[PDB]
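Source file: coords10.pdb; contents: PDB, C-alpha atoms (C1' of nucleotides) and all ligand atoms.
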ATOM      1  CA  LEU Y   1       0.000   0.000   0.000  1.00  0.00           C
ATOM      2  CA  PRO Y   2       2.758   2.593   0.686  1.00  0.00           C
ATOM      3  CA  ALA Y   3       3.965   2.349  -2.917  1.00  0.00           C
ATOM      4  CA  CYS Y   4       0.417   2.647  -4.264  1.00  0.00           C
ATOM      5  CA  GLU Y   5      -0.182   5.816  -2.241  1.00  0.00           C
ATOM      6  CA  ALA Y   6       2.687   7.582  -4.016  1.00  0.00           C
ATOM      7  CA  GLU Y   7       1.461   6.547  -7.467  1.00  0.00           C
ATOM      8  CA  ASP Y   8      -2.169   7.431  -6.748  1.00  0.00           C
ATOM      9  CA  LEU Y   9      -1.207  10.825  -5.324  1.00  0.00           C
ATOM     10  CA  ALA Y  10       0.846  11.593  -8.435  1.00  0.00           C
ATOM     11  CA  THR Y  11      -2.142  10.783 -10.648  1.00  0.00           C
ATOM     12  CA  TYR Y  12      -4.351  12.815  -8.308  1.00  0.00           C
ATOM     13  CA  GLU Y  13      -2.251  15.936  -8.880  1.00  0.00           C
ATOM     14  CA  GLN Y  14      -2.471  15.455 -12.647  1.00  0.00           C
ATOM     15  CA  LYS Y  15      -6.251  15.069 -12.460  1.00  0.00           C
ATOM     16  CA  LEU Y  16      -6.572  18.329 -10.521  1.00  0.00           C
ATOM     17  CA  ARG Y  17      -4.707  20.205 -13.254  1.00  0.00           C
ATOM     18  CA  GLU Y  18      -6.698  18.506 -16.015  1.00  0.00           C
ATOM     19  CA  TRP Y  19      -9.912  19.411 -14.192  1.00  0.00           C
ATOM     20  CA  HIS Y  20      -8.749  23.005 -13.722  1.00  0.00           C
ATOM     21  CA  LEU Y  21      -8.101  23.438 -17.445  1.00  0.00           C
ATOM     22  CA  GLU Y  22     -11.401  21.840 -18.470  1.00  0.00           C
ATOM     23  CA  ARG Y  23     -13.297  24.030 -16.001  1.00  0.00           C
ATOM     24  CA  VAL Y  24     -11.676  27.182 -17.399  1.00  0.00           C
ATOM     25  CA  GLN Y  25     -12.726  26.178 -20.917  1.00  0.00           C
ATOM     26  CA  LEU Y  26     -16.347  25.796 -19.819  1.00  0.00           C
ATOM     27  CA  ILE Y  27     -16.303  29.191 -18.093  1.00  0.00           C
ATOM     28  CA  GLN Y  28     -14.868  30.850 -21.203  1.00  0.00           C
ATOM     29  CA  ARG Y  29     -17.410  29.210 -23.513  1.00  0.00           C
ATOM     30  CA  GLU Y  30     -20.184  30.441 -21.218  1.00  0.00           C
ATOM     31  CA  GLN Y  31     -18.875  34.010 -21.394  1.00  0.00           C
ATOM     32  CA  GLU Y  32     -18.711  33.948 -25.197  1.00  0.00           C
ATOM     33  CA  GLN Y  33     -22.291  32.758 -25.708  1.00  0.00           C
ATOM     34  CA  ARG Y  34     -23.623  35.357 -23.269  1.00  0.00           C
ATOM     35  CA  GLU Y  35     -21.765  38.068 -25.182  1.00  0.00           C
ATOM     36  CA  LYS Y  36     -23.275  36.724 -28.405  1.00  0.00           C
ATOM     37  CA  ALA Y  37     -26.687  36.717 -26.714  1.00  0.00           C
ATOM     38  CA  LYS Y  38     -26.371  40.476 -26.232  1.00  0.00           C
ATOM     39  CA  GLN Y  39     -25.539  40.882 -29.924  1.00  0.00           C
ATOM     40  CA  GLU Y  40     -28.583  38.787 -30.845  1.00  0.00           C
ATOM     41  CA  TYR Y  41     -30.860  41.051 -28.801  1.00  0.00           C
ATOM     42  CA  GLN Y  42     -29.214  44.122 -30.336  1.00  0.00           C
ATOM     43  CA  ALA Y  43     -29.971  42.716 -33.791  1.00  0.00           C
ATOM     44  CA  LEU Y  44     -33.496  41.802 -32.653  1.00  0.00           C
TER      45      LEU Y  44
ATOM     46  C1'   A U   1     -46.205  36.030 -31.501  1.00  0.00           C
ATOM     47  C1'   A U   2     -41.896  33.091 -33.093  1.00  0.00           C
ATOM     48  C1'   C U   3     -36.920  33.732 -28.286  1.00  0.00           C
ATOM     49  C1'   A U   4     -33.413  31.486 -25.961  1.00  0.00           C
ATOM     50  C1'   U U   5     -31.046  27.218 -23.075  1.00  0.00           C
ATOM     51  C1'   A U   6     -27.268  24.235 -23.865  1.00  0.00           C
ATOM     52  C1'   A U   7     -23.062  21.791 -26.109  1.00  0.00           C
ATOM     53  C1'   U U   8     -15.678  16.748 -23.699  1.00  0.00           C
ATOM     54  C1'   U U   9     -22.425  10.901 -25.164  1.00  0.00           C
ATOM     55  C1'   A U  10     -25.929  15.021 -26.705  1.00  0.00           C
ATOM     56  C1'   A U  11     -30.313  17.304 -26.313  1.00  0.00           C
ATOM     57  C1'   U U  12     -34.134  20.430 -24.280  1.00  0.00           C
ATOM     58  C1'   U U  13     -37.701  24.410 -24.891  1.00  0.00           C
ATOM     59  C1'   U U  14     -39.664  27.119 -28.836  1.00  0.00           C
ATOM     60  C1'   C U  15     -42.672  25.506 -33.201  1.00  0.00           C
ATOM     61  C1'   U U  16     -47.849  31.622 -30.633  1.00  0.00           C
ATOM     62  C1'   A U  17     -52.271  33.922 -29.443  1.00  0.00           C
ATOM     63  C1'   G U  18     -56.066  36.529 -31.009  1.00  0.00           C
ATOM     64  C1'   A U  19     -61.080  36.500 -34.249  1.00  0.00           C
ATOM     65  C1'   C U  20     -65.622  34.852 -36.540  1.00  0.00           C
ATOM     66  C1'   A U  21     -69.745  37.373 -32.712  1.00  0.00           C
ATOM     67  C1'   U U  22     -72.753  36.728 -37.799  1.00  0.00           C
ATOM     68  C1'   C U  23     -74.538  39.211 -41.990  1.00  0.00           C
ATOM     69  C1'   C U  24     -76.582  42.580 -45.239  1.00  0.00           C
ATOM     70  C1'   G U  25     -79.704  40.763 -48.480  1.00  0.00           C
ATOM     71  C1'   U U  26     -81.999  36.236 -50.784  1.00  0.00           C
ATOM     72  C1'   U U  27     -85.673  32.457 -52.038  1.00  0.00           C
ATOM     73  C1'   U U  28     -90.436  29.083 -50.725  1.00  0.00           C
ATOM     74  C1'   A U  29     -95.042  29.116 -48.519  1.00  0.00           C
ATOM     75  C1'   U U  30     -99.485  29.928 -45.031  1.00  0.00           C
ATOM     76  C1'   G U  31    -103.025  34.304 -48.223  1.00  0.00           C
ATOM     77  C1'   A U  32    -107.423  38.814 -45.889  1.00  0.00           C
ATOM     78  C1'   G U  33    -109.060  40.794 -50.520  1.00  0.00           C
ATOM     79  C1'   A U  34    -110.308  40.690 -56.092  1.00  0.00           C
ATOM     80  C1'   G U  35    -110.708  38.756 -60.529  1.00  0.00           C
ATOM     81  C1'   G U  36    -109.723  35.232 -64.699  1.00  0.00           C
ATOM     82  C1'   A U  37    -110.441  30.561 -67.404  1.00  0.00           C
ATOM     83  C1'   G U  38    -113.213  25.862 -67.079  1.00  0.00           C
ATOM     84  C1'   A U  39    -116.702  21.747 -65.497  1.00  0.00           C
ATOM     85  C1'   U U  40    -121.838  20.176 -64.608  1.00  0.00           C
ATOM     86  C1'   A U  41    -126.560  21.988 -68.341  1.00  0.00           C
ATOM     87  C1'   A U  42    -131.919  23.128 -68.639  1.00  0.00           C
ATOM     88  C1'   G U  43    -132.784  28.529 -68.457  1.00  0.00           C
ATOM     89  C1'   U U  44    -132.625  34.410 -70.308  1.00  0.00           C
ATOM     90  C1'   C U  45    -134.766  37.938 -74.407  1.00  0.00           C
ATOM     91  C1'   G U  46    -132.834  38.920 -78.569  1.00  0.00           C
ATOM     92  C1'   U U  47    -130.765  37.562 -83.409  1.00  0.00           C
ATOM     93  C1'   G U  48    -131.840  40.987 -94.209  1.00  0.00           C
ATOM     94  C1'   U U  49    -126.913  47.284 -93.189  1.00  0.00           C
ATOM     95  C1'   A U  50    -121.542  41.910 -97.514  1.00  0.00           C
ATOM     96  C1'   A U  51    -117.576  39.877 -94.167  1.00  0.00           C
ATOM     97  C1'   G U  52    -113.097  40.425 -91.918  1.00  0.00           C
ATOM     98  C1'   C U  53    -108.369  43.284 -90.093  1.00  0.00           C
ATOM     99  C1'   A U  54    -106.227  47.583 -87.271  1.00  0.00           C
ATOM    100  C1'   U U  55    -107.826  51.652 -84.431  1.00  0.00           C
ATOM    101  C1'   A U  56    -111.138  55.294 -82.019  1.00  0.00           C
ATOM    102  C1'   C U  57    -115.659  56.728 -79.787  1.00  0.00           C
ATOM    103  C1'   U U  58    -120.484  54.997 -78.055  1.00  0.00           C
ATOM    104  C1'   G U  59    -122.840  50.855 -76.393  1.00  0.00           C
ATOM    105  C1'   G U  60    -124.706  47.757 -69.177  1.00  0.00           C
ATOM    106  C1'   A U  61    -121.828  45.915 -73.386  1.00  0.00           C
ATOM    107  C1'   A U  62    -123.581  40.028 -79.123  1.00  0.00           C
ATOM    108  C1'   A U  63    -123.177  45.563 -80.837  1.00  0.00           C
ATOM    109  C1'   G U  64    -123.474  50.569 -83.631  1.00  0.00           C
ATOM    110  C1'   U U  65    -120.598  54.455 -86.072  1.00  0.00           C
ATOM    111  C1'   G U  66    -116.199  56.970 -88.096  1.00  0.00           C
ATOM    112  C1'   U U  67    -111.127  56.253 -90.858  1.00  0.00           C
ATOM    113  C1'   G U  68    -107.811  53.328 -93.895  1.00  0.00           C
ATOM    114  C1'   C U  69    -106.754  48.377 -95.603  1.00  0.00           C
ATOM    115  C1'   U U  70    -107.975  43.208 -97.461  1.00  0.00           C
ATOM    116  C1'   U U  71    -111.386  39.547-100.715  1.00  0.00           C
ATOM    117  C1'   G U  72    -111.093  34.888 -97.350  1.00  0.00           C
ATOM    118  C1'   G U  73    -118.166  38.755-100.945  1.00  0.00           C
ATOM    119  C1'   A U  74    -121.225  40.084-105.090  1.00  0.00           C
ATOM    120  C1'   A U  75    -120.564  42.870-109.562  1.00  0.00           C
ATOM    121  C1'   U U  76    -121.551  43.569-117.831  1.00  0.00           C
TER     122        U U  76
HETATM  123 MG    MG O 101    -112.944  46.574 -85.307  1.00  0.00          MG
END

Take the structure I supplied and represent it as structure tokens, if you would.
Ligand SMILES: [Mg+2]
Amino acid sequence: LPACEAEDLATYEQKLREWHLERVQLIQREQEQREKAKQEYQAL
RNA sequence: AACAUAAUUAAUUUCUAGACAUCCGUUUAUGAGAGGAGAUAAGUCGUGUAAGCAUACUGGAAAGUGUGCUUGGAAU
């Protein structure tokens, strides 16, 4: 088990960074569509 | 009236709601009233100024008279 803890914790750190990047992408995509929504209402 | 949500399988919602309330007008019939043309059939008094056509007037209303036309009258 001691050896597994080191490996799992290394993968855990990688997952946190992968999750952080994916979350940022979702936040950015949300901002873009909302900005487009304003343009749609301006056109409408 | 018809947007937007979403989106590291992809889908959801939208994809409306008002207004016909009812005409103006239109056809069929009940039909007061008044005639017309028939049916049943005996009455009624009348009925020789050639006839008819069109038209006018007069006839209690078949007719008479005027005007033109016709022979589907007569005429050596
Ligand atoms: Mg006459």

Residue by residue, what does the PyMOL selection byres (((not hetatm)) within 8 of (chain O and resi 101)) grab here? Present the result as a PDB file with C-alpha atoms (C1' of nucleotides), keeping the file's coordinate frame.
ATOM      1  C1'   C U  53    -108.369  43.284 -90.093  1.00  0.00           C
ATOM      2  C1'   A U  54    -106.227  47.583 -87.271  1.00  0.00           C
ATOM      3  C1'   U U  55    -107.826  51.652 -84.431  1.00  0.00           C
TER       4        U U  55
END

Could you make a table, as a tab-separated table, of the residues of chain U that have an atom within 12 Å of an atom of range 27-33 of chain Y, each with its nearest atom pair and distance in Å to one decimal, counting only C-alpha atoms (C1' of nucleotides), in chain and number order?
residue	atom	partner	partner_atom	distance
U:4	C1'	Y:33	CA	11.2
U:5	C1'	Y:33	CA	10.7
U:6	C1'	Y:30	CA	9.8
U:7	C1'	Y:29	CA	9.7

Counting all atoms listed in the file, what are the residues of chain Y within 12 Å of chain U, and for each of them which pair of atoms is the nearest and at what distance in Å, to one decimal? Sort the table by chain and rising number, as CSV.
residue,atom,partner,partner_atom,distance
Y:18,CA,U:8,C1',11.9
Y:19,CA,U:8,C1',11.4
Y:21,CA,U:8,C1',11.9
Y:22,CA,U:8,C1',8.5
Y:23,CA,U:8,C1',10.9
Y:25,CA,U:8,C1',10.3
Y:26,CA,U:8,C1',9.9
Y:29,CA,U:7,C1',9.7
Y:30,CA,U:6,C1',9.8
Y:33,CA,U:6,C1',10.0
Y:34,CA,U:4,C1',10.9
Y:36,CA,U:4,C1',11.7
Y:37,CA,U:4,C1',8.6
Y:38,CA,U:4,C1',11.4
Y:40,CA,U:4,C1',10.0
Y:41,CA,U:3,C1',9.5
Y:44,CA,U:3,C1',9.8

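Between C1' of residue 62 in chain U and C1' of residue 46 in chain U there is a distance of 9.3 Å.
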
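From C1' of residue 2 in chain U back to CA of residue 42 in chain Y, the distance works out to 17.0 Å.
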
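In this model, the gap between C1' of residue 65 in chain U and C1' of residue 51 in chain U comes to 16.9 Å.
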
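This file gives the following result for the PyMOL selection byres (((chain U and resi 72-74) around 10) and not hetatm): residues 50, 51, 52, 70, 71 and 75 of chain U.
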
If I only have part of range 4-36 of chain Y, can you fill in N, CA and C atoms and write it as a short mmCIF file (atom, residue, chain, number, x, y, z; two decimals), in the coordinates of the input?
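Output saved as out-v7.cif:
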data_model
loop_
_atom_site.label_atom_id
_atom_site.label_comp_id
_atom_site.auth_asym_id
_atom_site.auth_seq_id
_atom_site.Cartn_x
_atom_site.Cartn_y
_atom_site.Cartn_z
N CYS Y 4 1.60 2.23 -3.52
CA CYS Y 4 0.42 2.65 -4.26
C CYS Y 4 0.02 4.07 -3.91
N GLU Y 5 0.19 4.46 -2.65
CA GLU Y 5 -0.18 5.82 -2.24
C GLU Y 5 0.59 6.86 -3.04
N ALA Y 6 1.89 6.63 -3.26
CA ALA Y 6 2.69 7.58 -4.02
C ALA Y 6 2.19 7.68 -5.45
N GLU Y 7 1.93 6.54 -6.09
CA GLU Y 7 1.46 6.55 -7.47
C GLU Y 7 0.10 7.22 -7.57
N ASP Y 8 -0.83 6.85 -6.69
CA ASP Y 8 -2.17 7.43 -6.75
C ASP Y 8 -2.12 8.94 -6.53
N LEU Y 9 -1.29 9.39 -5.59
CA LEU Y 9 -1.21 10.82 -5.32
C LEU Y 9 -0.62 11.58 -6.51
N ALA Y 10 0.32 10.96 -7.23
CA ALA Y 10 0.85 11.59 -8.44
C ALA Y 10 -0.24 11.74 -9.49
N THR Y 11 -1.03 10.69 -9.71
CA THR Y 11 -2.14 10.78 -10.65
C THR Y 11 -3.18 11.79 -10.16
N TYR Y 12 -3.38 11.87 -8.85
CA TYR Y 12 -4.35 12.82 -8.31
C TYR Y 12 -3.97 14.25 -8.65
N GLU Y 13 -2.68 14.59 -8.54
CA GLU Y 13 -2.25 15.94 -8.88
C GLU Y 13 -2.49 16.23 -10.35
N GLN Y 14 -2.23 15.25 -11.22
CA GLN Y 14 -2.47 15.46 -12.65
C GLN Y 14 -3.95 15.67 -12.92
N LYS Y 15 -4.82 14.92 -12.24
CA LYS Y 15 -6.25 15.07 -12.46
C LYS Y 15 -6.72 16.46 -12.05
N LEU Y 16 -6.19 16.99 -10.95
CA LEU Y 16 -6.57 18.33 -10.52
C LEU Y 16 -6.25 19.36 -11.59
N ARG Y 17 -5.08 19.24 -12.22
CA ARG Y 17 -4.71 20.20 -13.25
C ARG Y 17 -5.55 20.01 -14.51
N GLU Y 18 -5.81 18.76 -14.89
CA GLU Y 18 -6.70 18.51 -16.02
C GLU Y 18 -8.09 19.07 -15.75
N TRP Y 19 -8.60 18.88 -14.53
CA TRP Y 19 -9.91 19.41 -14.19
C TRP Y 19 -9.90 20.93 -14.22
N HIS Y 20 -8.82 21.55 -13.73
CA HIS Y 20 -8.75 23.00 -13.72
C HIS Y 20 -8.81 23.57 -15.13
N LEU Y 21 -8.09 22.95 -16.07
CA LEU Y 21 -8.10 23.44 -17.44
C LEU Y 21 -9.47 23.25 -18.09
N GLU Y 22 -10.09 22.08 -17.89
CA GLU Y 22 -11.40 21.84 -18.47
C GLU Y 22 -12.44 22.80 -17.90
N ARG Y 23 -12.35 23.10 -16.61
CA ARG Y 23 -13.30 24.03 -16.00
C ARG Y 23 -13.14 25.43 -16.59
N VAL Y 24 -11.90 25.86 -16.82
CA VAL Y 24 -11.68 27.18 -17.40
C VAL Y 24 -12.28 27.26 -18.80
N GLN Y 25 -12.16 26.18 -19.57
CA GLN Y 25 -12.73 26.18 -20.92
C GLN Y 25 -14.24 26.35 -20.87
N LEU Y 26 -14.90 25.67 -19.93
CA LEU Y 26 -16.35 25.80 -19.82
C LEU Y 26 -16.75 27.21 -19.42
N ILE Y 27 -15.99 27.83 -18.51
CA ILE Y 27 -16.30 29.19 -18.09
C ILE Y 27 -16.14 30.15 -19.26
N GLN Y 28 -15.09 29.97 -20.06
CA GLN Y 28 -14.87 30.85 -21.20
C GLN Y 28 -15.97 30.69 -22.24
N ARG Y 29 -16.35 29.44 -22.54
CA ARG Y 29 -17.41 29.21 -23.51
C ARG Y 29 -18.71 29.84 -23.05
N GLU Y 30 -18.99 29.80 -21.74
CA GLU Y 30 -20.18 30.44 -21.22
C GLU Y 30 -20.14 31.95 -21.45
N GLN Y 31 -18.98 32.57 -21.22
CA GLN Y 31 -18.88 34.01 -21.39
C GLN Y 31 -19.10 34.40 -22.85
N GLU Y 32 -18.58 33.61 -23.79
CA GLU Y 32 -18.71 33.95 -25.20
C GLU Y 32 -20.17 33.92 -25.64
N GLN Y 33 -20.90 32.87 -25.27
CA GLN Y 33 -22.29 32.76 -25.71
C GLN Y 33 -23.14 33.88 -25.12
N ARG Y 34 -22.88 34.25 -23.87
CA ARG Y 34 -23.62 35.36 -23.27
C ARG Y 34 -23.34 36.66 -24.00
N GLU Y 35 -22.08 36.89 -24.39
CA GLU Y 35 -21.76 38.07 -25.18
C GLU Y 35 -22.49 38.03 -26.52
N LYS Y 36 -22.53 36.86 -27.16
CA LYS Y 36 -23.28 36.72 -28.40
C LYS Y 36 -24.76 36.95 -28.17
#
